[PDB]
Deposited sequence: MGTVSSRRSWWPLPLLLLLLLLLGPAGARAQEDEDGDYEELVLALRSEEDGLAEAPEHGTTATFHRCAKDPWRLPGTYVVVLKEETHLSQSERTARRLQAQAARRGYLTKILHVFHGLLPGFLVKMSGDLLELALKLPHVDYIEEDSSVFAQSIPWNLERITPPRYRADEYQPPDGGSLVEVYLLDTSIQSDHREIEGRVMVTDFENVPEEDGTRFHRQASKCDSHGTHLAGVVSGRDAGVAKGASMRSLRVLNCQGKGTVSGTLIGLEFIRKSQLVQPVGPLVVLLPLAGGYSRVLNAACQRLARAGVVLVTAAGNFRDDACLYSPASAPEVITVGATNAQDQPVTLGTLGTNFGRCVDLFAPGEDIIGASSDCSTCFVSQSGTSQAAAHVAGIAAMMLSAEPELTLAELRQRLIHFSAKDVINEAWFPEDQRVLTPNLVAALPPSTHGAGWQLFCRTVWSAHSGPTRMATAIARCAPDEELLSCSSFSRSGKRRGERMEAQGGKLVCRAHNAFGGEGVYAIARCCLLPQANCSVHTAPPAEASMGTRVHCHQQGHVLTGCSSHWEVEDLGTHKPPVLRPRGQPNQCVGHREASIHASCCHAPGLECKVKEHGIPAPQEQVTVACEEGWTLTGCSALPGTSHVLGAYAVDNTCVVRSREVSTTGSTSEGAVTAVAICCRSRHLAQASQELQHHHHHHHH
């Protein structure tokens, strides 16, 4: 069960250096011993090996320069979880400290002087070209511009922000997964030996999907740190890149002044479910390393990330005890909705890409939609959409392009609820769409009601006093080999009850919360084209979204900010539950 991982993109691979990741509860003594064991064993087989660095703090492991001939030997070592081959990364009031993992910085620029501390940490790969020389260049450009966008006196977002620079990218704007890893461990170690102040980390870089890079980011995110990353500048799915694909980091895509996704020559901003929101990223004025008072116009998803890192720094200077779930939820809440022209993205990626452009703010119920990865085409294939640890799964829906679905289930998986969608017989696959919320003093629970083919017992609701229905899931409970007959809808008596087929099990989210009040909204169209919509009003927050009828006329349904969207084929009704606190 000790696995080897390498970058999917061959030209970004760096064979010869490997991150050996050990099992969770491994002390520094065991990491050193395991690295020494590998050195000795390699020496016995006649190979020189260099232990570049030993990881302690963020995750247990070590960095080793060795021939790939010795991999098979290293996989057999004791305590090894996995070995990942190194690969390259590329450049793309209270006191809040903002860490920046990027190039060098011109710290004496008027735009950022006195607000930027150069940490002395430096870990970069050597430049390509036998005769490459920086000459008059100080390799400050990218980092200086970004430090300016985050906190520059005149052109910055958070003009009251302390910054800390780590050099993780060389003159050519190239870094490695291993150098970033060391940079993150430096930050964790700083945080351990330094304050209980709010930390923001800006990762304006991207590489191919990396298991260890995402693991280290998750561990920093769970330690309280707020990670903001660039989505990537490859006009591709950001789930194929790291730290972009890490679910805990805030992944920012780029938009221009005409609310269009940014184009960078033949490529452009990355997209998909792993992007959290978009931010201004084309023709961005910021500090230039050319002179101490110069400005320059740069474009890309690092520019976009730096706006969000600035916004996060301002929100944190006001509310320093704010958690990462609260911060992410607040970011999504204050952004401009439906402004971006989705035409530029691939058609199958549009649904999955948020239509959100960051903005500053000008107790409360916050929700956000979380799409799963597509399931396999197997008939018993499932998609799983998970919320962040501090959030509540308030509803769960599913969507298939073919429309062949068994429905979905809100079930516990490791003590937390997840939204698990199920593919049907003959179906291509499905997505699970969770609705993750931050509800003040919630005691929420899901209750499963069985299929109701009898004349009574059909109404499913939160029968408990003080508990209110926030969302319904429906899962088709007829075996695939069974005689298929057209589904029958459960009659409608009360307004606040789950809508569903008599042949389906119903999962009902019931919340008991101090000022929580929750209502239902419907909207039907007889013969619609493409879709049906019903939206909550100002003040109300969408918590559930369901379609009516089933597979026959529907592809699925999903939340789009505070709009419930049902996708039809060529009496479709969108049922929404709107919810609010105090």
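Missing from the model, by position in the deposited sequence, are residues 1-60, 153-176, 447-452, 661-670, 683-700.
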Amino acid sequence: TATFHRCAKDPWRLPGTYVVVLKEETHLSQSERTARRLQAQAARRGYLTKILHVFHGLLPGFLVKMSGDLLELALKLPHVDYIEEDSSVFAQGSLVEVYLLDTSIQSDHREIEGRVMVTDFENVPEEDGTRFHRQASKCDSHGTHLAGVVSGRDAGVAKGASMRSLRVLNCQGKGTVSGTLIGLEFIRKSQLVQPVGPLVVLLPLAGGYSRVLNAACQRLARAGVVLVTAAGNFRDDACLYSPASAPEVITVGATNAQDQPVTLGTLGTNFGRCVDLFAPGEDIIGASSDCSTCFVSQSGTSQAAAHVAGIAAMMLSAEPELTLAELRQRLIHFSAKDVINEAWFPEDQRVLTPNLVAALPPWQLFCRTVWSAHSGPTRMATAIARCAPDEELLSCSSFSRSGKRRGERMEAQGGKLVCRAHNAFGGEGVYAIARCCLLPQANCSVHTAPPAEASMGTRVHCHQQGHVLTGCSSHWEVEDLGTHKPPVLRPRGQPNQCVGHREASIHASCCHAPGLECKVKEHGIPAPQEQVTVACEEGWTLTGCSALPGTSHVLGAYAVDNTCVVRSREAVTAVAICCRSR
From here on, numbers count along this sequence of modelled residues.
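Looking at 248-256 and 109-117 together, the entry lists the larger mean B-factor for 109-117, computed on C-alpha atoms. Annotation for 489-497 versus 271-279: the higher mean temperature factor (C-alpha) is found in 489-497. Of the candidates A325, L205, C239, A381, the deposited coordinates give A381 the top C-alpha B factor. Remark: of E185, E85, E428, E408, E428 shows the highest value [criterion: C-alpha B-factor in the PDB entry]. Among all modelled residues in its chain, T144 ranks in the lowest third by Cα B-factor.
Among the modelled residues of its chain, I311 has a C-alpha B-factor that falls in the middle third, as given in the PDB entry. Ranked by C-alpha B-factor against the other modelled residues of its chain, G197 falls in the highest third. Per the PDB record, residue ranking by Cα B-factor puts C7 in the middle third of the chain. Among all modelled residues in its chain, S137 ranks in the highest third by Cα B-factor.
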